[PDB]
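Listed below, chain by chain, are the residues.
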Amino acid sequence: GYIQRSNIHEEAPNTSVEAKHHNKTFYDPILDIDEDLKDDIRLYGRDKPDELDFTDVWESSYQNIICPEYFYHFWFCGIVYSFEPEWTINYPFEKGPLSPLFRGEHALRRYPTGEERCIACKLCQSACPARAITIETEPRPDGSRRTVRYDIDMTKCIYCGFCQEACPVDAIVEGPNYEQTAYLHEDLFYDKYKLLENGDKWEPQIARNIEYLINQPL
Amino acid sequence: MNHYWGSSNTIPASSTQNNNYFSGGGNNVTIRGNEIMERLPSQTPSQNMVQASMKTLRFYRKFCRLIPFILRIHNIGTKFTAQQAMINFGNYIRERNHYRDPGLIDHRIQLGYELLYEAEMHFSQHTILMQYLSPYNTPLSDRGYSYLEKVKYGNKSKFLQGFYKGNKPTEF
Amino acid sequence: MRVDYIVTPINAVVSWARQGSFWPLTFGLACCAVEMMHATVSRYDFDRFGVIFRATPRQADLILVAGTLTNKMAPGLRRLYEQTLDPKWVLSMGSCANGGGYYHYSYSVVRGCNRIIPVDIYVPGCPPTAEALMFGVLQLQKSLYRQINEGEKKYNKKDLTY
Amino acid sequence: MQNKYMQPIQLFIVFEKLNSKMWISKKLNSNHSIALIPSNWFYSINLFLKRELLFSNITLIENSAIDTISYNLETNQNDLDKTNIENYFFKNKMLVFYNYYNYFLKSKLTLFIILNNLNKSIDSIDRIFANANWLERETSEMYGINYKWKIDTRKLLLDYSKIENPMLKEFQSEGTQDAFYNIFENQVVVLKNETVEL
Amino acid sequence: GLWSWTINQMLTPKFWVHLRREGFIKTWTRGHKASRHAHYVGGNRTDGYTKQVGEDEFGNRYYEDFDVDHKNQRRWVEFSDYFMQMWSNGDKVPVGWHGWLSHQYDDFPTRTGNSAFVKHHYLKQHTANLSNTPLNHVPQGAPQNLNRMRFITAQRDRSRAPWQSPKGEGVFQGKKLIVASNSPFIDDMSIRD
Amino acid sequence: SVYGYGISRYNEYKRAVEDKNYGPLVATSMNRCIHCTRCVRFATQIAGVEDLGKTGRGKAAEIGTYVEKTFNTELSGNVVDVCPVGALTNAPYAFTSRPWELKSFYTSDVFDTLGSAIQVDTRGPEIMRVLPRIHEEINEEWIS
Amino acid sequence: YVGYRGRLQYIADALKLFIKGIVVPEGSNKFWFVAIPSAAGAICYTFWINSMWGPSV
Amino acid sequence: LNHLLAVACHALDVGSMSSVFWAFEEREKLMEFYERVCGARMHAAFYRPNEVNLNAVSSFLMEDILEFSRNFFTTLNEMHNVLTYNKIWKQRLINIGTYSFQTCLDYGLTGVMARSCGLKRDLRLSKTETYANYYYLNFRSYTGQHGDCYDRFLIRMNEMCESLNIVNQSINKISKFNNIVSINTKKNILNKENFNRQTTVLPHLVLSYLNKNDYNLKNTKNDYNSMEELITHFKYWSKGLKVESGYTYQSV
Amino acid sequence: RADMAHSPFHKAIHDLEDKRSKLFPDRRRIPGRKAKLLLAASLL
Ligand SMILES: CCCCCCCCCCCCCCCCCC(=O)OC[C@H](COP(=O)([O-])OCC[N+](C)(C)C)OC(=O)CCCCCCCCCCCCCCCCC
Ligand code: SF4
Ligand code: SF4
Ligand code: SF4
Ligand code: SF4
Ligand code: SF4
């Protein structure tokens, strides 16, 4: 590609018993019997061998009359594979394994003082591949820049996490919650009240996960 | 003829006979064929406007021949008669009269044949394909109509009618 | 008044049965279909809650829209909904079905399957994990169990409904 | 570079009446050659490719078209020379490209054709390569390309009862119609659309 | 719900220990609070029952057993509300217990002492899914909102505020109608000196 | 982004500057100033007012008026367009919008009988800001 | 979960199948459409007479 | 993942009902492996043009991947012994959909189908077309000699096995095997508090060895304590990166 | 070489005879044995 290669042939490793990395029992005479079967012409095309034999006669008679497919597979599947313990996770009473990186329901966070982290920078709005975030901003009477509107269409969202990566104050996050099934299409129109209460309810778990994620680079 | 319109692509009259004895026959013009269409080759290029006009006339003739079958199978015969549907599609073609590029006309004829085949094989929905057969300035025949704006804006010009009725919502 | 003495108990037996055997239609579009098929296999067994898939709409009780709906498919979805036997319920799974989704601004996609057929419940993710799909199906089962007697009738002086 | 490469120059040796314009780039694979081909020789060139030795073991990998009527350099406008292939994207109504792979020579070959007629007419090669049927159908429906001598001209991916070329630059990604259910007709209809904007 | 503890599961030392300590109603209902497996009631072992790792603000109990046949069944919760089969769903698990039960981390909430979770003054309590209830999420302009007009009017007035026309009887000077100005700002140059 | 090294190595305290009040049209964030003198030169040579300057020395020098004085003048907002950084910003146009979510139209002004060539930036049905254009026969580069 | 530990699944399935409301499409023979299932049920509810449980039982 | 789903669904179509339950359980573990690096089970959006989330990859993840490989051998053998030698399976798949290299070229067939028609075409093993460490590993590729459904099925199973082998080779390439031994008695000196005591896999040893300068800068400066990095973050997430004009074609 | 014998990339190189015996079959299938046995037994 971008380098030179004087010798393209990769030579096999040293086969001497004196060598340090000699691997005995790599080749098994019982198992490795490919020399017996490699000369068969049936493995190379539609052609037939020069001479058929009574071994083939016996094999065909066994296959056609005994019909082993009804006892080989039946036993070997049914009994043995039924002996194995089950794999089911009892969903109402157990949960499947997640990670702190799991992308679930969106939430808006606060500082430990109770102040909003979001400063209406609109980076999350432009980061959204689905155009699901709409933001409008006015100066709050105390002077700080805050959103007068921050809403996300959860029926447009693809749950990709580009917005939580774009946020420079960790204001918008995707929480661990996934049980957000709704009965109305209007219940999935998330406004600032919904995201704020989601953040105020899920703050401990989100804080723990974000703490671990922050400590990972450190 | 190895084509969907071939003279041998007719549905047999009976299970043991293509037609009555002593002869053969079948209908392939006013109804669909026996086998499905598997390929639709390109129209032979037209070197001048005469060939393009002939192609348009022949496509319109095929469409007119297929109208009653489409109306029956799509249950749209009460909205308009066969002649009304032909006249509406002729209005469409007349609105496409100003064309003067033969290659563009060949492309349009290919598309028209494709849409006609879609209509005659239940590929499209009747409420969707009726957009080509609907009248331009007349109500449909399967329902009543309102003539309120005819009475109030009787002798008023088109501008006044479009001024009294706005072009945008008024709440916002 | 006296008819309720028979109707009110029997109602439960009618609901329980249809809550115990809730057969959805075998129909999957795009990749919420793959997620749903994951939700059907042994890790999350719908067969635990008596949910088994039937291939024809005449034997189906729940229509599960689980993928993108294009303008080419809307009449087919409408026909499939109309051809299911009553009573029936509709579950909308994933963003492409709940709304436009990742293709909301496209020229050939229906902006939500509820523009064509009524929807009973929406599952938001893209894709919603098998956890969330099972949650939504269980919620729908409980709702349709309770849906036969929601207290619509008034009680007279004998504590009897109408 | 660091591999054996040779231009596909025999193609223009056999077709003695054609100009030769070829490019190689480090943005492509080191065995990928791009050439410019006139439209009125495309069918004969594909006929030669399909059967000539050291070309016969070839397959058609991809086909598509570029709407260059709105192609503009956005940065570094002063770093363009007369040898840049993008220099052929100006003033040209349409472009069509085909990509093949040759197993004997282990090479990628891309051919570019400039369409400068308003009807966008070009001969089809689906009678030579069986790939070109669906590929050319999709290209024709997306970009309005008029393919002549084609096996099948029907629409491939677009909706029934509609005529449009959504991949042209003039087309807005939201289209012009929306599909709704109509209670008064108990079936789905299409209406002029009003859409949200971000 | 008969035989929450089967006969084979009974006669086990675990069952008698649980009955002696916890009682009958608590022991019997453990088969109804969780319905994982017949042999799993009270824990997979037989010498004793699994100690609960914790409890809940709504009464749910959380256990972790390391002797389960499959790795995924290590941790589970028994709910305080078990009225019917197919009654308790997965949205009833609170925040820290959600992460513990989904194996995100190995920390779990504690009532008292050194906690691994923040306890701020603005935190709200976990609520279950409130859809299909009178307390669902309503957009500010949706028809379900009784105060939808205040939101609609403000959005309209952001870019086009209508002029308030005079109403009722007014004062006339010829043909001009006299009203007081609506400016909240002060014309200080007419009062200054 | 285009010409710099792309990463930093400065790891000390930066200087901090207290903000000044110039009036309801110009907002000041003087930590962002790069001492480019564009505002001083615009005020002296274009606006004709002599209220701006550079006081101090070295890194601690500051741009602006020495005393608490408003930047009251016509063509005042133009100085914002001159300043390359967010040191001086359009105070009415504070925090409301971002450049990428605006559509622009070319038109002419009617507030004064000079038909100033202007650019109107809108977001949906709301007009968000007005900027000057280049004509060289009307308003040069500037608007009132 | 239908009953306790799934002890009534068949009962629930049978009751739901009773509850479901059948519709006969147009273009089909209604008499035959309803009569073939009746004949099939009558035939299938006869197999139990061709059974043997011990000698001459 | 893909070959598991394909084989299971093909068996389900043919009539083997149970095999789909197994491949879906064994592809749940790979979905968990996705979820542990990006937080999603299907749509990762993981690969980036010039950025790699190095912190998302830990040594504890590779050991679980090796465990999965060891058990995937057994699950693949379980699927093997109900399909491969089954008479019904052979009579359903053998000599079905047979084609040669000429059709395989006319219809642009690549991948498993092209290896079944007999053609040796693998982009990973091509000298001029390889990508992402594939050219410097050692694995096998399989071609059929009949061009039918049976060949495709066998090729897919063998490709799954070879994928296991490639994963093992990569983990070995990011592993630290040799240790420090005592000068006398040739006895190993294992660390007590170092992270390398927990496991032999260090997924950052090659990167830190060669690109030490870039490793240091990335681990010290972010958009919270550097002006250049904050400007880069803002431009990247507001307008995106700028790409110089040109045409490219890239295949995988 | 990781795909050929005696490769230094391989790790399990020392005496693993017991594990190799336990994990893998120790007898070779011989054609006709089952056929002849089953046919003769069925006839008898
Ligand atoms: C006709 C198609 C080809 C038939 C091939 C031979 C079929 C042999 C029988 C297979 C089973 C289906 C037949 C039974 C159901 C339909 C009855 C029928 O054909 O009626 C036609 C006859 C005549 O059909 P018709 O009334 O529609 O015809 C009107 C007259 N012409 C022909 C001019 C239009 O029906 C009647 O006379 C009225 C309905 C009587 C139905 C009585 C039986 C109902 C089913 C009871 C259960 C089955 C019997 C008991 C169980 C079995 C024995 C243990
Ligand atoms: S990305 Fe973060 S800081 Fe920016 S507008 Fe959004 S929530 Fe606010
Ligand atoms: S997760 Fe992705 S699609 Fe969803 S709101 Fe955030 S950026 Fe948009
Ligand atoms: S909502 Fe998303 S994940 Fe679901 S089917 Fe649609 S595209 Fe696939
Ligand atoms: S334009 Fe800005 S950086 Fe330049 S001198 Fe003025 S306040 Fe400073
Ligand atoms: S946007 Fe400009 S003036 Fe504002 S802080 Fe960033 S780089 Fe400086």
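Residues numbered from 1 in each chain as written, not as in the entry; some residues may be left out. Chains lettered and ligands numbered in written order. Part of a larger assembly, values for the part shown. Heavy atoms only, no water.

Its PDB header names cryo-EM as the technique used to obtain the model and reports a resolution of 2.60 Å.

*Asks:* So what exactly am I meant to see when it comes to the nonpolar core here?
*Replies:* Soluble, globular proteins show a tendency: their nonpolar side chains are buried together. Core analysis: the largest hydrophobic core is formed by 46 residues, its most contacted members being A:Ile133, A:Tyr150, A:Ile152, A:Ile172 and C:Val65. Contributions of two or more residues to this core are made by β2 (133–139), β3 (145–153) and α6 (192–215) of chain A together with β1 (62–65) and α3 (74–82) of chain C. At three residues, α3(C) tops the list of elements feeding residues into this core. Sequence-distant contacts of C:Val65, defined by excluding residues within four places in its chain, comprise C:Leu77, C:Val90, C:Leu91, C:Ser92, C:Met93, C:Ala97, C:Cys113 and C:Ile117. (Core = buried A, V, L, I, M, F, W, Y, C linked by side-chain atoms within 4.5 Å. Buried < 20%, exposed > 50% of the residue type's maximum accessible area, 1.4 Å probe, protein only. Helix = DSSP H or I, 4+ residues; strand = E, 2+ residues; numbered from the N terminus. Contact = heavy atoms within 4.5 Å.)

*Asks:* Is there a simple way to think about the site of ligand 5 in this case?
*Replies:* Near ligand 5 lie 13 residues; those nearest to it are F:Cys33, F:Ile34, F:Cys36, F:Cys39 and F:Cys83. Each residue belonging to the shell around ligand 5 can be placed in one class, and the counts come to eleven nonpolar, two polar and no charged. (Near = heavy atom within 4 Å. Nonpolar A, V, L, I, M, F, W, Y, C, P; charged D, E, K, R; others polar.)

*Asks:* So what exactly am I meant to see when it comes to the site of ligand 1 here?
*Replies:* Residues and elements named next belong to chain G. In the neighbourhood of ligand 1, the contacting residues comprise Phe31, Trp32, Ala39, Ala42 and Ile43. The protein chains hide 24% of the 1,200 Å² of surface that ligand 1 would expose on its own. Tallied by class, the residues present in the shell around ligand 1 amount to five nonpolar, no polar and no charged. (Areas by Shrake-Rupley, 256 points an atom, 1.4 Å probe, with all protein chains shown as cover.)

*Asks:* What exactly am I supposed to notice about the state of the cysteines here?
*Replies:* What is meant by a disulfide is a covalent connection between two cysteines, made through their sulfur atoms. All names here are of chain H. Tallied over the full model, the rule gives one disulfide over all chains. Residue pairing for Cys104: its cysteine sulfur links by disulfide to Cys117, the two sulfurs lying 2.0 Å apart. With the S-S bond torsion at -55°, the cross-link from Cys104 to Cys117 turns out left-handed. Of this pair, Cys104 sits in helix α5 (residues 101–106) while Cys117 sits in the loop between α6 (112–116) and α7 (149–173), and the two are 13 residues apart along the sequence. (Disulfide = S-S within 2.5 Å.)

*Asks:* Is there a simple way to think about the environment of B:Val151 in this case?
*Replies:* Residues and elements named next belong to chain B. In this fold, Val151 is placed in helix α5 (residues 148–152). Accessibility expressed as a relative area gives 58% for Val151, which makes it exposed. C-alpha of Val151 to C-alpha of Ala85: the two residues are 66 residues apart in sequence and 28 Å apart in space.

*Asks:* What should I look at first to understand the UniProt feature "binding site: [4Fe-4S] cluster 2" (unreviewed entry) in chain A in this one?
*Replies:* Cross-referencing UniProt, the feature "binding site: [4Fe-4S] cluster 2" (unreviewed entry) maps to A:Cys118, A:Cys121, A:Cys124 and A:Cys167 in the present numbering. These annotated residues cover 50 residues of sequence, and their C-alpha atoms lie no more than 10.3 Å from one another, placing them together at a single site. Excluding residues within four positions of it along the chain, A:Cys118 makes contact with A:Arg145, A:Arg146, A:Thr147, A:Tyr150, A:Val169 and A:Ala171. For A:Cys167, the contacting residues outside a window of four places in its chain are A:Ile172 and H:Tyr224. (UniProt positions renumbered as here; feature names shortened; annotations may be inferred.)

*Asks:* What should I look at first to understand the interface of chain E and chain A in this one?
*Replies:* Interfaces are often sized by the amount of accessible area the parts lose when they come together. In this assembly, 48 residues from chain E lie in contact with 50 residues from chain A. Of the roughly 4,200 Å² buried between chain E and chain A, counting both surfaces, carbon and sulfur atoms make up 54%. Broken down residue by residue, the surface that chain E buries against chain A is led by E:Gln104, E:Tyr122 and E:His137, which jointly contribute 17%. Where chain E touches chain A, the interface holds four salt bridges. Between A:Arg208 and E:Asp107 there is a salt bridge; the shortest N-O distance is 2.6 Å. Along the contact surface separating chain E from chain A lie 18 residue pairs in polar contact. Where the side of chain E that touches chain A is concerned, the elements lending two or more residues are β3 (75–78), α3 (95–101) and α4 (148–159) of chain E. Classifying every residue of the side of chain E that touches chain A by side-chain character gives 15 nonpolar, 25 polar and eight charged. (Buried area = accessible area lost by both parts, 1.4 Å probe. Salt bridge = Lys/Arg side-chain N within 4 Å of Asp/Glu carboxyl O. Polar contact = N/O pair within 3.5 Å; in protein donor to acceptor, adjacent residues only side chain to side chain.)

*Asks:* Honestly, the interface of chain D and chain C in this entry has me stumped. Any pointers?
*Replies:* At the junction of the two partners, chain D supplies 23 residues and chain C supplies 14 residues. The junction of chain D with chain C conceals about 1,700 Å² of combined surface from both sides, 51% of it contributed by carbon and sulfur atoms. Our count for the contact surface shared by chain D and chain C stands at two salt bridges. Residue D:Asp178 is joined to C:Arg111 by a salt bridge in which the shortest nitrogen-to-oxygen separation is 2.5 Å. Joining chain D to chain C, the criterion identifies seven residue pairs in polar contact. Among the secondary structure elements, those contributing two or more residues to the side of chain D that touches chain C are β8 (177–182) and β9 (187–192) of chain D. The biggest single contributor to the side of chain D that touches chain C is β8(D), with four residues.

*Asks:* I would appreciate a short explanation of the arrangement of the chains in the present structure.
*Replies:* The interface with the highest contact count, out of 21 pairs of chains in contact, is the one between chains A and E. Looking at chain B next to chain G, you find no contact at all, with the nearest C-alpha pair sitting 14 Å apart.

*Asks:* Quick question: what am I supposed to make of helix α1 (residues 4–20) of chain C here?
*Replies:* Counting along an α-helix, one turn takes 3.6 residues, and residues three or four places apart therefore face a common direction. Here α1(C) is 17 residues long and its end C-alpha atoms lie 24 Å apart, about the 24 Å a rise of 1.5 Å per residue gives. When we look at burial in α1(C), the residues that qualify are C:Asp4, C:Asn11, C:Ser15, C:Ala17, C:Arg18, C:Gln19 and C:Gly20. In this fold, the buried residues of α1(C) make contact with β2 (89–93) and α5 (130–146) of chain C together with α1 (9–19) of chain G. (Expected span 1.5 Å × (residues − 1).)

*Asks:* Can you help me understand helix α1 (residues 2–14) of chain H in this one?
*Replies:* Residue and element names in this part refer to chain H. With 13 residues, α1 should cover 18 Å at 1.5 Å per step; its first-to-last C-alpha distance of 18 Å lies within 8% of that length. Taken together, the buried positions of α1 are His3, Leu4, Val7, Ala8 and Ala11. Buried residues of α1 fall within an arc of 125° about the axis and therefore sit on the same side. More than 90 degrees from the buried face of α1, the exposed residues found are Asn2 and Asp13. Those residues of α1 that are buried lie in contact with α2 (19–38), α3 (59–83), α4 (87–93), α6 and α7. Count one or two residues on from α1 and you reach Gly15, which has phi positive near 145°. (Arc of directions from axis to C-beta.)

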